[PDB]
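Notes for the one structure printed next.
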Amino acid sequence: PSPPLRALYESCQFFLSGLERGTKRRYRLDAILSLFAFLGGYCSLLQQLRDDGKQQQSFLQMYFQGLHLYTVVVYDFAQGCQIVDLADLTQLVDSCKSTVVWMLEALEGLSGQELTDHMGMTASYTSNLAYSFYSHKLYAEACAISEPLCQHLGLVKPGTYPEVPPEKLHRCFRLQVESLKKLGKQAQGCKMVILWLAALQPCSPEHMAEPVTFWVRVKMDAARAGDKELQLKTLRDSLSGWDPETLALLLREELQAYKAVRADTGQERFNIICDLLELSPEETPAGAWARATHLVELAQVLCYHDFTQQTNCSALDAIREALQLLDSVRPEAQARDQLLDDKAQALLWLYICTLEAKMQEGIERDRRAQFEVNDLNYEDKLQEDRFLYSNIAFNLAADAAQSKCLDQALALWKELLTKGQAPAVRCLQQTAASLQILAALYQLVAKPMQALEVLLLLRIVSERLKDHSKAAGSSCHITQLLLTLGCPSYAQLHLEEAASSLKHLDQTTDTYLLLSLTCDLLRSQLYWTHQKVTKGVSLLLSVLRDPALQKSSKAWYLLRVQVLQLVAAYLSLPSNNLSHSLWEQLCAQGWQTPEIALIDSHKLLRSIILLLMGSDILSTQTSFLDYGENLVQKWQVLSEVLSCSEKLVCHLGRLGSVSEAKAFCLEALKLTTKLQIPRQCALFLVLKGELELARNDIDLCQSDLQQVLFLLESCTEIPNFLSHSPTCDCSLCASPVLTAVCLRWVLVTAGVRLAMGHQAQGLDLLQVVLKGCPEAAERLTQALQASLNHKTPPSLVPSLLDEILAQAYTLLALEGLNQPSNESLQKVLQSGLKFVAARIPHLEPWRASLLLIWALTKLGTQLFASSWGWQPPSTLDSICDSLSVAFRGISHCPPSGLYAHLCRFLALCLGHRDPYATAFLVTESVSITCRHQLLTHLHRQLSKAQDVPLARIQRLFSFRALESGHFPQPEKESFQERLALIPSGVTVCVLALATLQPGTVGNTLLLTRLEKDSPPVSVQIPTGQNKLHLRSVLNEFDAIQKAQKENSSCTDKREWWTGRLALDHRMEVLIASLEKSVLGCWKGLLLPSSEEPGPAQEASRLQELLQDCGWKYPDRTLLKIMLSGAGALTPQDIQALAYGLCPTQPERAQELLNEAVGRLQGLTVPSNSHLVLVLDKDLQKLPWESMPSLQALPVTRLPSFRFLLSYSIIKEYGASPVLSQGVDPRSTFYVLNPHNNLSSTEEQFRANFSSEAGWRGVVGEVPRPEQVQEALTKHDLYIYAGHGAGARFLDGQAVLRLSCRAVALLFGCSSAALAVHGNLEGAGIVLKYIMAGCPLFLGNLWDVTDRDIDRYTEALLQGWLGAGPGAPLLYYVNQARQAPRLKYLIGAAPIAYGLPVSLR
Ligand SMILES: [Zn+2]
């Protein structure tokens, strides 16, 4: 009784002493006995509460303390639970559940204060027990121990549990809801969430956020599980008789939660918005406000999903209704900050929906909208299409109205956010996201400065929202945009702000790593612009080797794209910077030239865009899944694609490849046509005009310029923009992109005028361009100063404006050469040289061009005649040094036209003083564009791979595979290593034309003979001093071709035949003039040497005497080569040699040479050998093979010297089977009469091609690409007799993809001919065939009139196919030229490309 109760105090003291002894002592199984003792004490406490009648508060506090001690002991036990004590924790939790039921009963009738104190202690004990149980994964036990609490909690009216701790209430509720979700209680979890909401009802909605989030989570789990009844059981029906305003707020919060989740939620949001519309009234301006907000949300939902049938409303109609409602609303002073940014969101989504409608309409419009003799210009015609009228259907004046919405939204948001006071908008998150989308859209439409304004505002929001990741992201974007414009200094402050803000994040999230990598990449870029390349390479290498760059995610892909662009920027630097050690480290990654990196970046961008919006946008032949960041990323990817295309087009146009540049330009034009943006269209049209100018197509360029003028006059809401003042605010002057387009327009117009011969107008226009560029730069500087407000004009602002000025200076100086008398522009060379010298590693090719102009100006002939040893019967030091420093500038990536001029001019200057250097320079000036294309093709093959022959071929062709030092020590070392690799018994001859004027054809021929174990031999032949110049021969050849075309179209055949005979006589005269008037006595350099001893002895003896005779440079090899053919030497050529080499005592030299020829007469036996001819773009047209002296030798022509070495490498690695085993006359595929325009050819060649062995053929129709595919890859002999080479079926790009393993006999009109458009190098299918690795290629050089090509084909085929086991094809090729009636008109057409090929 009372004494026992008094003893119960002593018992409690003893229990406290035991607990002190049991402190940190896990009772384990003895916890059960402790709980039994506690249950006895609880019975005693019930008896005391009966006796209590702080009468009972003291006993309640004692019981609470005992329960707290028991809870602490159970928490320790669960901390040391492991596998076993969990079972003991079950009994402990049963006892604790009995105690919790007792505590809940005691908490009843707690009146006040204790109702928040005793119930608070009960809640704390329950929370501790629940944490211990749930942490032990005892979901069922925790649910059982927590069921009594929330059940009565939720059931009780709002008065109960008043002002209870929301966190404590959340803690139990969150634990129970999480346990239900993990167990998948489904309905039970939803009802518990309902009780959670009911209990917390009298409070502000931020406390309701977590329940709502849990409701959305459980609903979406039901969604993955296929449940829909829960989704039907929405908040409206669930909450039932609740206050409508709270229900509307809860539905809005649920809508935002559904926007957050990463799943497709179109229908759920539609249901929520419809329910919001039903709840809202339409008799109160607050109702109008709610209706407008719901309408803009409905517009967001409908702008991407198709729900028209069940809504009977369009996005535009809904958004216009919302706009009218918003404009009608009269606000209240405290809530104006919501009407602002409500209007802004509405206008922005209006713009987005109108753009989407335009895109869909254009896609549908474009989708439903859908026999010349030579095929030289087939790919050009195929590339070109008719879409210029679409541009007229493109520049509608609705664009100003469309952009007005975005401008007004920006203005309203600026007014909202500028003021210092914290914004009162309910959700700043959505404002920040919409600001990001607006900035992306502004970038996409080529309005950069306005986009920067938005980004500054986004950072302001990040500070208010205290979210550190977005501050770093926005600062990185700001720095990237600032550097793209060309302001180096203003990038650094924002970069440092990003670096400072980066620190406040956990160092394990992907965000931290991505931001750190981006900042390091930006630092590397900033070093590149500030001449710190040495550590920039280190930073770039550390970024590249980092394994986290390869993680599969869309955010990392854009970082990879930017890294690739920076790699391309680094790969465009002269070898003086860095060092040898870092160069192969950089090249070891797998990118050897900037264009390779740019192409990889473009491919990555296309792959990214493929994953986001399908593929209908890019080309004509899924769902968007708006997810948050996807909306921003779409516009970002489109803008990046456009910028990458612009860079690629500019670089490829500069290099000298025009076909690829035109392809990229047309693709970009199509893309800009679909989106309906005139500003980008104008820039790409101007670039296309510039590309067309280089091909000499004046009218097409003029049409494109007219289109540019029409578009410029369309958006401006002799052209008028030339008269603008230096300072202006018009749309053309306010924006830098438009200013760049306008400045390019005048350059292209001046180029066209100069081409047409209208001089003195092009100079006038180019003066305008030169004057205009710096003033535009200064206006851009002022504009950037106003926006960013640092109030300090930042250093310099280099940009694309610099390149425009450089090219303008180049063209002005080049025009200066042709008119030497005008002093006013004779200082432009100096001015441009100073201007370029300022930016050394940025305008190097332009510096090289200006230096070449300076050298040719100082040229003022016999000036180069003291370096060679044959004269036809110090300034040099300065020219050599200047040309050397110009050569080292562009060696790493030379333009295809300036390199040849530099190389051949320097080779002329050096002369026989350094034979090795002269030979290297002459060899390094032929077929450079082919070398670039082969490097790109090799990279494509190697990338397809995931090899050793490919690696060695890459080393042989790379521009940087050499050591360091002076000029030309590494060049000579590499050249000697190449020379040691020459196959035996092969003599290589290079014929190139030395051009003085960099636009015309010269009159100097350079000849080089390269041989194994022999020093190189070089010589120069001037042809301007004698009649019958080289240009005379070229003009006569062109005249003969045009006369043949004229004579082809006639009716009477008498005149036809007479004209044909006269033309044949003219061609014979031309062929004779080639040998007897151009080469002269030096025909012997193209003949095989001698192996019998005795010519060497005679050469040595003659050398000793001729040294005294007056030979300025004595060479034994020259005499050996000339005397190896002593039999064919005529008296006149002997006189020419003696007079040229020996001007001191010509008479004695003539006598000695005559005696030497007499001694060597007869005892000459030239033997097996092979000659390779390397010709430049102008000499390739002439038939060198049909000279009388060369009509007895095997001759083939190759694009360059490195190709022979590549053939040797392939033969050593045993890839090519033809040059190892021999063309087998069993695998033949012939194409006869694709389109039936020929009749007699079929009749003649049908039987001759039918009755054979293994001759698969197709005759009558056009072969499908698969057949020719397998006929070129797998067969051995491919023959085509149709008109043209066949580019209609197998275009060059299809050929490049293959491996060529056959010999192609193309018997068509101009099959082997290379098209020379302007100053560009030759282009043809033969080049692609050689790139694919063709052992031999045969084709005609000029157009043929048929009926004699028949006889030539018959003779050649019969002879070579009936030869026998094995014979050289070149012998029968030379023997078959006598069959036709016209021996020089049709017999001289065929030529051979490749290496000699024989049968088994
Ligand atoms: Zn203006």
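If we only count helices (runs of 4 or more DSSP H) wholly inside the range 324-425, which ones have 1 or more residues that are farther than 30 Å from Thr620 by Cβ?
Numbers: elements: 336-369, 378-383, 388-392, 398-418.
Of the helices (runs of 4 or more DSSP H) lying wholly inside the range 324-425, those with at least 1 residues that are farther than 30 Å from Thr620 by Cβ span 336-369, 398-418.
Tell me, which helices (runs of 4 or more DSSP H) lie completely within the range 1308-1400 with 1 or more residues that are acidic (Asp, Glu)? Spell out how you get there, then give the answer.
Working: elements: 1325-1331, 1349-1361, 1369-1375.
Result: 1349-1361.
Which numbered condition trips up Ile617, out of (1) β-branched (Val, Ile, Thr); (2) outside any helix (DSSP H, G or I); (3) more than 30 Å from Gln300 (Cα to Cα)?
Against the list (1) β-branched (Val, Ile, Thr); (2) outside any helix (DSSP H, G or I); (3) more than 30 Å from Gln300 (Cα to Cα), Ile617 comes up short only on (3).
Scan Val752, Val748 and give me the residue that is away from the ligand (no atom under 14 Å from the Cβ), assigned to a helix (DSSP H, G or I) and in contact with an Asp or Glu (Cβ under 7 Å, 6 or more places away or on another chain).
Values: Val752 fails: in contact with an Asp or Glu (Cβ under 7 Å, 6 or more places away or on another chain).
One residue alone meets the criteria, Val748.
Among the residues of the range 1359-1397, write down those that are surrounded by fewer than 17 Cβ atoms within 10 Å (Cβ to Cβ) and touching a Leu at 6+ places or on another chain (Cβ under 7 Å).
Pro1365, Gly1366, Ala1367
Considering only residues that are under 17 Å from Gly18 (Cα atoms) and small (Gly, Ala, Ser), which ones fall in the range 33-47? Lay out the reasoning, then the answer.
We begin by selecting, within the range 33-47, every residue under 17 Å from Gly18 (Cα atoms); these are 33-41.
Residues satisfying the conditions are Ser34, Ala37, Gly40, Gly41.
Yes/no matrix, rows are residues, columns are (1) within 16 Å of the ligand (Cβ to nearest atom); (2) crowded, with 22+ Cβ neighbours inside 10 Å; (3) more than 28 Å from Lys771 (Cα to Cα):
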site: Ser643; (1), (2), (3): no, no, no
site: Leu655; (1), (2), (3): no, yes, no
site: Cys681; (1), (2), (3): no, yes, no
site: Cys715; (1), (2), (3): yes, no, no
site: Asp729; (1), (2), (3): yes, no, no
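Take the range 26-58 and flag every residue that is of a type in the set (D, E, K, R) and in contact with a helix residue (DSSP H, G or I) (Cβ under 9 Å, 6 or more places away or on another chain).
Initially, the range 26-58 is screened for residues of a type in the set (D, E, K, R), giving 26, 28, 30, 50-52, 54.
Scanning the range 26-58 gives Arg26, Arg28, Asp51, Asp52, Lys54.
Is one or more of the residues making up the range 364-384 surrounded by 15 or more Cβ atoms within 10 Å (Cβ to Cβ), among the small types (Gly, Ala, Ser) and not assigned by TED's automatic domain parsing to the domain that holds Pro1234?
Checked against the condition, which is being surrounded by 15 or more Cβ atoms within 10 Å (Cβ to Cβ), among the small types (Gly, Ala, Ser) and not assigned by TED's automatic domain parsing to the domain that holds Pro1234, the range 364-384 yields no hits at all.
Does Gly757 fit the bill of being buried (at least 20 other Cβ atoms within 10 Å of the Cβ), of a type outside the set (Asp, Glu), within 23 Å of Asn1319 (Cβ to Cβ) and away from the ligand (no atom under 16 Å from the Cβ)? Quick ask: steps written out before the conclusion?
Working: buried (at least 20 other Cβ atoms within 10 Å of the Cβ): no; of a type outside the set (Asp, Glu): yes; within 23 Å of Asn1319 (Cβ to Cβ): yes; away from the ligand (no atom under 16 Å from the Cβ): yes.
No; evaluated as a whole, the condition is false for this residue.
Taking the conditions exactly as written (farther than 18 Å from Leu1205 by Cα, out of contact with any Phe, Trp or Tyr (no Cβ under 9 Å at 6 or more places or on another chain) and not assigned by TED's automatic domain parsing to the domain that holds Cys1334), does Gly889 satisfy them or not? It would help to see each step written out before you state the result.
Working: farther than 18 Å from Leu1205 by Cα: yes; out of contact with any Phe, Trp or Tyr (no Cβ under 9 Å at 6 or more places or on another chain): yes; not assigned by TED's automatic domain parsing to the domain that holds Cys1334: yes.
So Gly889 passes the test.
May I ask you to list the residues in the range 731-744 that are among the aliphatic types (A, V, I, L, M) and near the ligand (Cβ under 9 Å from one of its atoms)? Break it down into steps so the answer makes sense when it comes.
We begin by selecting, within the range 731-744, every residue among the aliphatic types (A, V, I, L, M); these are 732, 734, 737-738, 740-741, 743.
Listed by number, the residues that qualify are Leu732, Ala734.
Filter the range 242-267 for residues that are in a helix (DSSP H, G or I) and among the basic types (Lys, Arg); which is surrounded by the fewest Cβ atoms within 10 Å (Cβ to Cβ)?
Start the filter on the range 242-267 by keeping residues that are in a helix (DSSP H, G or I), which leaves 244-260, 266-267.
Filter once more, so that each one left must be among the basic types (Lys, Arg): 252, 259.
Values: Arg252: 20, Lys259: 18.
The selected residue is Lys259.
Taking the condition of being of a type in the set (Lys, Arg) and within 29 Å of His1317 (Cα to Cα), how many residues in the range 1000-1039 meet it? Spell out the reasoning first.
As a first pass, look at the range 1000-1039 and keep what is of a type in the set (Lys, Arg): 1009, 1012, 1027, 1031.
Adding the requirement that they be within 29 Å of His1317 (Cα to Cα) leaves 1027, 1031.
Qualifying residue count for the region: 2.
What do you reckon, is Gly762 touching an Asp or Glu at 6+ places or on another chain (Cβ under 9 Å), away from the ligand (no atom under 16 Å from the Cβ) and farther than 26 Å from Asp399 by Cβ?
On the way: touching an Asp or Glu at 6+ places or on another chain (Cβ under 9 Å): yes; away from the ligand (no atom under 16 Å from the Cβ): yes; farther than 26 Å from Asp399 by Cβ: yes.
Answer is yes for this residue.
Could you list all residues from the range 1275-1306 that are over 14 Å from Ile1325 (Cβ atoms) and in contact with a strand residue (DSSP E or B) (Cβ under 9 Å, 6 or more places away or on another chain)?
Within the range 1275-1306, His1275, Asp1276, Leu1277, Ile1279, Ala1281, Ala1302, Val1303 qualify.
Can you name every residue in the range 717-726 that is within 9 Å of the ligand (Cβ to nearest atom) and either β-branched (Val, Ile, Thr) or surrounded by 13 or more Cβ atoms within 10 Å (Cβ to Cβ) (or both)? Walk me through how you get there before you give the answer.
Initially, the range 717-726 is screened for residues within 9 Å of the ligand (Cβ to nearest atom), giving 721, 724-725.
Matches in the range 717-726: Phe721, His724.
I'm trying to understand the selection: among the residues of the range 699-713, which are under 19 Å from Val769 (Cβ atoms) and either within 16 Å of the ligand (Cβ to nearest atom) or in contact with a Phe, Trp or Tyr (Cβ under 8 Å, 6 or more places away or on another chain) (or both)?
In the first step, residues of the range 699-713 are kept if they are under 19 Å from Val769 (Cβ atoms); the result is 701-702, 704-705, 708-709, 712.
Within the range 699-713, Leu705, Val708, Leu709, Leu712 meet the criteria.
Output the residues belonging to the range 1343-1376 that are among the basic types (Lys, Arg) and either more than 25 Å from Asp375 (Cβ to Cβ) or touching a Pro at 6+ places or on another chain (Cβ under 8 Å) (or both). Spell out the reasoning first.
Narrowing the range 1343-1376 to residues among the basic types (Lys, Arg): 1347, 1351.
Once the filter is applied, which keeps residues that are among the basic types (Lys, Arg) and either more than 25 Å from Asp375 (Cβ to Cβ) or touching a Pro at 6+ places or on another chain (Cβ under 8 Å) (or both), the range 1343-1376 yields only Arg1351.
Just need a number here: residues in the range 1360-1396 that are more than 23 Å from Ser1169 (Cβ to Cβ) and of a type outside the set (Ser, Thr, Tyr).
Initially, the range 1360-1396 is screened for residues more than 23 Å from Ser1169 (Cβ to Cβ), giving 1361-1362, 1378-1389.
Now narrow it down to the ones that are of a type outside the set (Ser, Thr, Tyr): 1361-1362, 1378-1383, 1385-1389.
Total meeting the criteria: 13.
Note down all Cβ pairs under 6 Å where the first residue falls in the range 720-731 and is within 16 Å of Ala783 (Cβ to Cβ), the second is within 7 Å of the ligand (Cβ to nearest atom), and they're at least six residues apart or on different chains.
Between residues of the range 720-731 that are within 16 Å of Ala783 (Cβ to Cβ) and residues that are within 7 Å of the ligand (Cβ to nearest atom), the close pairs are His724/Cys733.
All of this is worked out from the model, or read from it or from the source named; no laboratory read-out is quoted. Every residue, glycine among them, receives a Cβ derived from its backbone with ideal geometry; neighbour counts consider all protein chains shown.
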